[PDB]
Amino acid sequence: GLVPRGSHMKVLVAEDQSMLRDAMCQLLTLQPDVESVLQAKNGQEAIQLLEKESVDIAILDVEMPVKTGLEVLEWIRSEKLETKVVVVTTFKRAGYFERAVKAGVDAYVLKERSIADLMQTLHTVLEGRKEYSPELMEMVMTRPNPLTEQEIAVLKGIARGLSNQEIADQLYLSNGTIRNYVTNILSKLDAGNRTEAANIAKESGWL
């Protein structure tokens, strides 16, 4: 995915806080590696701009009037533009990050970063790489135990080679109830069979 324009990159900055937008764009414009900087105060303006000219990188705030940066991202991808996308946001919201990634954002970074981190992100994405806020990564790779107390009992049962019927007797439940729980457990753990689910749940520290 390397785009060989890193010595003269055309970028767009969409950001609704005027003072920040102004200061970002002035400093980007000053960089030897930046050729030009388009400026947008909200998502609708970003999209109108992108309808009328090409940029190498769209740098996008999330919370903006009219259209958010996530909506602009989703629009750039539906248009198959030859444009990298970097989301730059205050919000450490796991859901925003997930949405961005599903629409193939190239970077997602927090306004806890500096302008130097930002320049580094720009080069990273323009050389075809990805950069994800470590802090958001961490947030999302940490999951609660998804298993109910029953399902945990079932899985312990499974871990001893017990049949569904044997587990039903132990837990004082019907065989059909155990079968449900098993089916349910394969879904929550994306395991293929009952023995797979058991080691995934053990390996993940959930028993």
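Residue positions are given as counts along the sequence shown, with the first one as 1.
When 4 to 12 is weighed against 197 to 205, 197 to 205 comes out higher, by mean CA B-factor as recorded in the entry. For the pair 165 to 173 and 27 to 35, the mean B factor over Cα atoms is greater in 165 to 173. Out of 61, 56, 51, 149, it is 149 whose C-alpha atom has the highest B-factor in the PDB entry.
The PDB entry assigns its highest CA temperature factor, among 70, 66, 153, 178, to 153. Looking at the C-alpha B-factors along this chain, the one for residue 139 belongs to the highest third. Among all modelled residues in this chain, the alpha-carbon of residue 84 has a temperature factor (C-alpha) in the lowest third. Among all modelled residues in this chain, the alpha-carbon of residue 123 has a temperature factor (C-alpha) in the lowest third. Split the chain's modelled residues into thirds by C-alpha temperature factor. Residue 40 is in the lowest one. Among the modelled residues of its chain, residue 111 has a C-alpha B-factor that falls in the lowest third, as given in the PDB entry.
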